[PDB]
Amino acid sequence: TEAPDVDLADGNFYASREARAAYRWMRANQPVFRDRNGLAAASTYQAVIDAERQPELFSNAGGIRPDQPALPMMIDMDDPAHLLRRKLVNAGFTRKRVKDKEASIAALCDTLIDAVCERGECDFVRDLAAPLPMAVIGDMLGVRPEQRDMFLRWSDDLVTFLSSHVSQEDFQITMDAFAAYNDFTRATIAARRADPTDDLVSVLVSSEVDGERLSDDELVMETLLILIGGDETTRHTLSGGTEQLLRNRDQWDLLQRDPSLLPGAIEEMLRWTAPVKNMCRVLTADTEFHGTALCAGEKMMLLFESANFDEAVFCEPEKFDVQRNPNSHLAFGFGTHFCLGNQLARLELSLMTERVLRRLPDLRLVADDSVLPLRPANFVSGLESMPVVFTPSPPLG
């Protein structure tokens, strides 16, 4: 009955395997919780949904990180301006455009598995989970394969900034990474304005809504939002979700014998892993919210992992169950800002997992999860490393 002594802006909290016990106390005793520094956080599924449904009170226009200002990106915007920006960028994310990527994503999955399959061991994080989303989003943005690692480095630097209160040295690194991304992207824009192709910048250049188009400034900001979504999130559901399949081998075995269970497995991997641990909302007025007094101008976190483990919604939430129905998890949020990339992320998860199951059918963890660390970060986090072993096989291509 004593509250957990926690700092919800500290990345070390999210790397602890005790975070879920802290969330459990919040949900049972103070659903809109204030941490040791007074930062407010919605911990229950009900409170998160209710805040998501009230964007005029719980605004994104102060920025979605604690103690960082808004950027001119759709995720830091409110309607009506947000709705126009999202409609413009949606040209890249129509259901048909995303579903048509299936063969190309599958090819990348097979190339990555081909690189390890003869060895009998790999680091699942380094060799499969991190590179696959990077290659997909890189290919959309025109990145040469041998330059993916450079983009991944810029992205890891940007997410480090989003995930902490950086030193001056890490602030400078962040500004350098943006400057390099800006240069590359404005070069792509200029090339595609002169010679359109069918890549993401081409589709976004030509997108038009209510007589409006995206400016070059907006194209840089929106493709940067997409890059980071495309290379810093899905990786952690691939690793951590596969980790749960290997820890609970009855679950691995169900999927291997029935491919039609894969869609529900991907949803359970998303629920469990919740790579995005929080998004902030700024209060536009003083308000009494699920029992807690909130003040105009402060930021409240939405705790999506906590909501995904709320017993009021998910029976036995600490049981990983690929068959779980319903599974209305909040890994992608809810409402006006619901992840634009959700279909792409689900497709990448599906195509890689189906190939892991079939091509590495006896996959096992080298050492159990108790020695596998999570990355300290207050925004997006998952496994650092996941050594796995399997019976070798020959490549496909």
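Numbering starts at 1 and follows the sequence shown. Think of the rigid core as the biggest set of C-alphas that the two forms share within 1.5 Å after superposition.
A fit on the rigid core, followed by a root mean square over CA positions in 6 other deposited structures of this protein, ranks 137-145 against 100-108 and picks 137-145 as the more shifted one.
Stretch 157-165 is the one, of 157-165 and 83-91, whose CA positions lie farther from the shown form in 6 other deposited structures of this protein once all structures are superposed by the rigid core. Across the two stretches, 357-365 and 344-352, the PDB entry reports the greater mean Cα temperature factor for 357-365. Per-stretch averaging of Cα B factors for 96-104 and 238-246 places 96-104 on top.
Comparing the C-alpha B-factors of 319, 148, 186, 324 in the entry, the top value falls on 186.
Going by the entry's values, 84 shows the largest Cα B-factor out of 109, 134, 84, 228. Compared with the other modelled residues of the chain, the Cα B-factor recorded for residue 144 ranks in the highest third. Residue 55 sits in the middle third of its chain by CA B factor, as recorded in the PDB entry. Annotation for residue 269: C-alpha temperature factor in the lowest third relative to the rest of the modelled chain, per the entry.
Annotation for residue 10: CA B-factor lies in the middle third of the chain's modelled residues. For residue 196, the recorded CA temperature factor ranks within the highest third of the chain's modelled residues.
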